[PDB]
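Two separate entries follow, structure 1 and structure 2, each one form of the same protein chain as structure tokens.
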Structure 1
């Protein structure tokens, strides 16, 4: 009902998944109507980039926010955690151009946010409510918003790989009955060994390891300790979608369905929705 921020400042450290750079992350409370703002504190002047669809850059690997010649790479997992915990306002300070990958999931971030504490603010919380279907497609990929009285995220993947043979590749999460933390937050990012070796040849995925990603070779999951969920891969796609959806700037009242979608198509959906003014409205929980 009311806007939420952090109660205290909290710090964490990690490595950027693509850049491999050590990064210091500081989450800070922020005033009412700030939204989630990334701050590049290594730069003078400090560059603030609100986590909004208009600040997304063209990047095929992850969601990247850009302002001038400055970027903040790989924001989706931390944004998913902000969205999952209903954090309206926060500054996310970074000492480098990439959010740390942590364990590849939103687990460390949801724990970090809860550890900082939650602070109720003196302003009504606003939600973006989907009023009509908005859909984007490209080839076999689709991402759609549908009106829904609540918040629901559906995803389907379809990989031609034996690890995916008979494995859950579709999942739907209705957040009125399911906990973001319990069933989505711990889902780790994943990569196919071929895709990974190719990113490595482009000097990308430098901070990647079996400690922060599920690595799938031609036969099996390489990670010795296995999966956190039988449907971990599709649950991570849901985690990614929730982070991308949070670039709308407010919690969503609606349903998202993704069909082999990724950050590029998710962002195209956000832009089409915003441009389609009659397809959405910004409302309070009471309204």
Structure 2
């Protein structure tokens, strides 16, 4: 069969708090028609404001990816979008009762569970992929984000924290997502931050909801969380999770390889913008036979 677009089989609901705003928020994921993409909807507003999860609607990229439209924003979309990308969800409405996606446990684990509990549904239209045809890159100082051609989907990342909990640890990871390894490899990797920063962050309306319940909190010489890491390389795996979600602002699954070096939401967005402008570097492809495609998907 052809590889088909996917949406949700049924409505999914979650409650939580925004990592940065601290605000309680209700999240409702709904099915959507073919070629809708992922669209966020602020249902605390009347009439609603709908913001497609697309690079063109990214505003700020300070400690999260923020979508903007008119006067209003949808903050911290990267972890939910990573779950959407990881599960191959093309079309969905994401209703929010406040301006920030709930952080849940700091990973995409709760989202992939909630979604897969309801199930996905294939739709009668070909799934469109963006295939990287030549290298595209952005740099800012020593930070770099690059797309290179690759027959599949692969993400590599390197961090470099001058911090005693990080020095001497691998801080590099490469994962091939051409098959169904997202859930096992990175979905449960939690966000992280530094206790030293918390007063500054809160003064900027950042991390107001952050705690050891939804983040790895790193002190000066130790991890504060008593219960332990989910992966020995959880920090760099979370950066890969962030990258997958930021990359999904292209609106389609990628056929290619991403490499990040000390990059973050701001540079990820700059990479998407220069890619979109560099039209000779990419094409849109479909697969009328799933068996000859370079990416495989699990059953809906």
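Basically, rigid core = biggest C-alpha set you can superpose within 1.5 Å across the two forms. Positions refer to the first chain, counted from 1.
- After superposition on the rigid core, the single residue among 158, 149, 138, 195 whose C-alpha moves by 2 Å or more between structure 1 and structure 2 is 195.
- In this overlay on the rigid core, residue 178 has a C-alpha that sits 2 Å or more away from its partner position between structure 1 and structure 2.
- Once the core of the two forms is superposed, the Cα of residue 245 has moved 0.3 Å between structure 1 and structure 2.
- In the core-superposed comparison between structure 1 and structure 2, the CA atom of residue 58 travels 2.3 Å.
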